[PDB]
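Only one structure is covered here, and it is reproduced in the block below.
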Amino acid sequence: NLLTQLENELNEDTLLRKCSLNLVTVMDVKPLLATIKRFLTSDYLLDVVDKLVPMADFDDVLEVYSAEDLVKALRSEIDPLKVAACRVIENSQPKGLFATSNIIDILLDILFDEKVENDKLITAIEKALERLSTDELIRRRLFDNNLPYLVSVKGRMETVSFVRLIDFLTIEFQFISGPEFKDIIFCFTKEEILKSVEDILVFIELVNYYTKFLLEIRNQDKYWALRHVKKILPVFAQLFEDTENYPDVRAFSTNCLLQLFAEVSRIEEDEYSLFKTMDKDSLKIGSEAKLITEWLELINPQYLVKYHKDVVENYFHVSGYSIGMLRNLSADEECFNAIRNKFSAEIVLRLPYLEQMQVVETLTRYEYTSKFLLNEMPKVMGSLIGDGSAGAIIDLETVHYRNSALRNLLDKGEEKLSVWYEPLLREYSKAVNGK
């Protein structure tokens, strides 16, 4: 490690780029850290800082960069020194060390400053906060001590700081438990949503936050959060319908809202009471012809089959274009039974091999779709097995889908595949072993 002592002495009498590298690999480092400090209290040097801080005993780091220093650095006019302080703070041990100072407060002050244009500083602060937010004392400093501030930034709805706040909440929600959840910061009232409409970028951002919020509730299994967010969901739908008073919503925000309604149709709730009401009063799936394809690609297929079976029956036909609809509509048995009569081996076999495989890979995903494939479209299975030139297929998508179809079927087991087991295994073997 004599390579680091050289750097320590070539500052007192390319190279940094090399230390930066020779450090991704792995005595007393204070002296070296002290110097980088002096230089900062006056770009590439930062990558060196971000490497050496983690690998050191934080007590050591804390001797050079004291709480008082960090504070001073953050209050300075020197961006690089601010980034460096962020790296130091990010590596706090224990993570709750600075939770009793105003360090977090200042991190937030800089974070929500519209005047800050340095995207590198913003992410550094966001990484610091993410890292430390596993600690409960850091969450207390954030959501208790700084709640009034966060809520005021929330109320600004000023473009630059609003985007940052939304990122902040999404990041933070990962670490929030039921008892710590505070509506006033994570949720928006009806009145705030109507207000965000005046600047459609803010509203669009708010729509995406909610989509992601519901997505995260579903992924993290935080269903206790639903009772807090679902009360304003009908508002997004009413605005989507109200083109007379709120034309900017359909005009600029149709797609982001469609994604939201996709999530709403999937919330763990008392049998679509919420979505059924939103659909009945506002969305009216089926009434606007230009939206039908999208509704059939996005909305819960079980909902679609119970409340809009006529649409599903009439509108869906097999083609390269309806593969989006196919992936969605077939993920519920009952909804699949509503499109079953639109398939035949002949209809599928007319498609170019790429789409055949996309269709087939889709049908191999579930028990009931596979059964139908084996029992009703064996000639399509024959096209899947092939003539003996599939190993010569150059298109990456085609190979990807075929292989995935082969895999999906094999995952079903020998007993359920009958006479197809051996040929499937054989074809899969040739695909992944090169033959």
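Chains: A, B, ... in order of the structure tokens. Residues: from 1 per chain. Ligands: from 1, in order shown.
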Task: Non-local contacts of stretch 237-245 of chain A (7 Å; only C-alpha atoms; under 6 positions in same chain excluded) as a list in words - done: residues 278, 282 and 283 of chain A
Write the residues of the selection above to a file with N, CA, C and O atoms, as a compact mmCIF listing (two decimals), in the first residue's frame.
# COMPACT_ATOMS: atom_id res chain seq x y z
N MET A 278 -65.11 4.20 -9.25
CA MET A 278 -64.35 5.09 -10.12
C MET A 278 -64.66 4.81 -11.58
O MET A 278 -64.79 5.74 -12.39
N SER A 282 -66.56 7.70 -13.48
CA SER A 282 -65.55 8.52 -14.13
C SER A 282 -64.88 7.90 -15.34
O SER A 282 -64.80 8.53 -16.38
N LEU A 283 -64.36 6.68 -15.18
CA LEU A 283 -63.56 6.05 -16.23
C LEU A 283 -64.40 5.51 -17.35
O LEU A 283 -64.06 5.67 -18.50
Open item on the list: I'd like the neighbourhood of stretch 2-15 of chain A as a list in words, where a residue qualifies if any of its atoms comes within 9 Å (using only C-alpha atoms), though same-chain residues fewer than 5 positions away should be ignored.
Closed with: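 Returned residues: residues 20, 22, 31, 32, 33, 35 and 36 of chain A.
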Find the spatial neighbours of residue A:227, counting only C-alpha atoms, within a cut-off of 12 Å - ignore same-chain residues fewer than 4 positions away - and output them as a JSON list (two decimals) with C-alpha atoms, in the first residue's frame.
[["chain", "number", "residue", "atom", "x", "y", "z"],
["A", 178, "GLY", "CA", -47.20, 1.89, 10.16],
["A", 181, "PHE", "CA", -46.38, 6.99, 8.95],
["A", 183, "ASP", "CA", -50.35, 11.54, 6.40],
["A", 187, "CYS", "CA", -50.33, 12.03, 1.43],
["A", 214, "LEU", "CA", -49.26, 1.89, -4.81],
["A", 217, "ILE", "CA", -47.32, -0.94, -1.24],
["A", 222, "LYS", "CA", -47.41, -2.55, 3.20],
["A", 223, "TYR", "CA", -51.20, -2.86, 2.81],
["A", 231, "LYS", "CA", -59.52, 8.15, -0.17],
["A", 232, "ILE", "CA", -58.14, 10.55, -2.80],
["A", 233, "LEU", "CA", -57.90, 8.09, -5.71],
["A", 267, "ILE", "CA", -55.13, -2.81, -4.71],
["A", 268, "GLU", "CA", -55.95, -5.30, -1.96],
["A", 269, "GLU", "CA", -59.50, -4.14, -1.27],
["A", 270, "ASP", "CA", -63.03, -5.39, -0.71],
["A", 274, "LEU", "CA", -63.27, 1.52, -5.05]]
Task: Neighbour list for stretch 333-337 of chain A as an MDAnalysis selection string, cut-off 8 Å, only C-alpha atoms, skip fewer than 3 positions in-chain - done: chainID A and resid 301:302 304:305 309 312 329:330 340:341 368:369
Writing out the chosen residues with N, CA, C and O atoms as a compact mmCIF listing (two decimals), in the first residue's frame:
# COMPACT_ATOMS: atom_id res chain seq x y z
N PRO A 301 -57.34 -7.98 -15.23
CA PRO A 301 -58.15 -8.81 -16.12
C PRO A 301 -59.38 -9.42 -15.43
O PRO A 301 -60.38 -9.68 -16.09
N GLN A 302 -59.30 -9.66 -14.13
CA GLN A 302 -60.45 -10.23 -13.42
C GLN A 302 -61.56 -9.19 -13.34
O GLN A 302 -62.75 -9.51 -13.50
N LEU A 304 -61.97 -6.76 -15.51
CA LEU A 304 -62.46 -6.60 -16.89
C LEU A 304 -63.48 -7.67 -17.26
O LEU A 304 -64.49 -7.38 -17.93
N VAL A 305 -63.20 -8.91 -16.86
CA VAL A 305 -64.12 -9.99 -17.23
C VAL A 305 -65.45 -9.93 -16.46
O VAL A 305 -66.50 -10.23 -17.01
N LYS A 309 -67.10 -7.89 -19.73
CA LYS A 309 -66.92 -9.09 -20.53
C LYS A 309 -67.28 -8.86 -22.01
O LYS A 309 -66.62 -9.39 -22.92
N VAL A 312 -64.30 -7.22 -23.71
CA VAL A 312 -63.26 -8.22 -23.89
C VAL A 312 -63.60 -9.17 -25.07
O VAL A 312 -62.75 -9.41 -25.94
N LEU A 329 -54.89 -9.94 -20.46
CA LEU A 329 -56.19 -10.63 -20.40
C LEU A 329 -56.12 -12.12 -20.06
O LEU A 329 -57.13 -12.71 -19.62
N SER A 330 -54.96 -12.73 -20.27
CA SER A 330 -54.83 -14.16 -20.07
C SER A 330 -54.34 -14.51 -18.66
O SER A 330 -54.27 -15.68 -18.30
N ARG A 340 -60.79 -17.22 -25.50
CA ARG A 340 -60.48 -18.57 -25.97
C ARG A 340 -60.94 -18.83 -27.42
O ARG A 340 -60.24 -19.45 -28.21
N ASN A 341 -62.13 -18.33 -27.76
CA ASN A 341 -62.69 -18.57 -29.10
C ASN A 341 -62.05 -17.76 -30.21
O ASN A 341 -62.41 -17.91 -31.37
N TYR A 368 -53.83 -23.00 -17.14
CA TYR A 368 -55.01 -23.05 -17.98
C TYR A 368 -54.72 -22.64 -19.42
O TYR A 368 -55.37 -23.12 -20.33
N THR A 369 -53.75 -21.75 -19.63
CA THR A 369 -53.41 -21.36 -21.01
C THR A 369 -52.61 -22.47 -21.68
O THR A 369 -52.75 -22.70 -22.88
- [ ] One decimal, Å: what's the distance from atom CA of residue A:200 over to atom CA of residue A:273, could you say?
- [x]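 Distance reported for this atom pair: 29.1 Å.
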Open item on the list: Would you compute the distance between atom CA of residue A:192 and atom CA of residue A:157? Give it in Å to one decimal.
Closed with: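 A separation of 9.1 Å between them.
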- [ ] May I have the residues within 12 Å of residue A:167 as a VMD selection string, using only C-alpha atoms and disregarding those fewer than 5 positions away in the same chain?
- [x] chain A and resid 111 to 112 122 to 123 125 to 127 129 to 130 154 160 to 162 172 to 174 186 205 to 206 208 to 210 212 to 213
Task: Distance query residue A:215 at most 7 Å, only C-alpha atoms, self and fewer than 4 positions along chain excluded, as a PyMOL selection string - done: chain A and resi 211+219+263
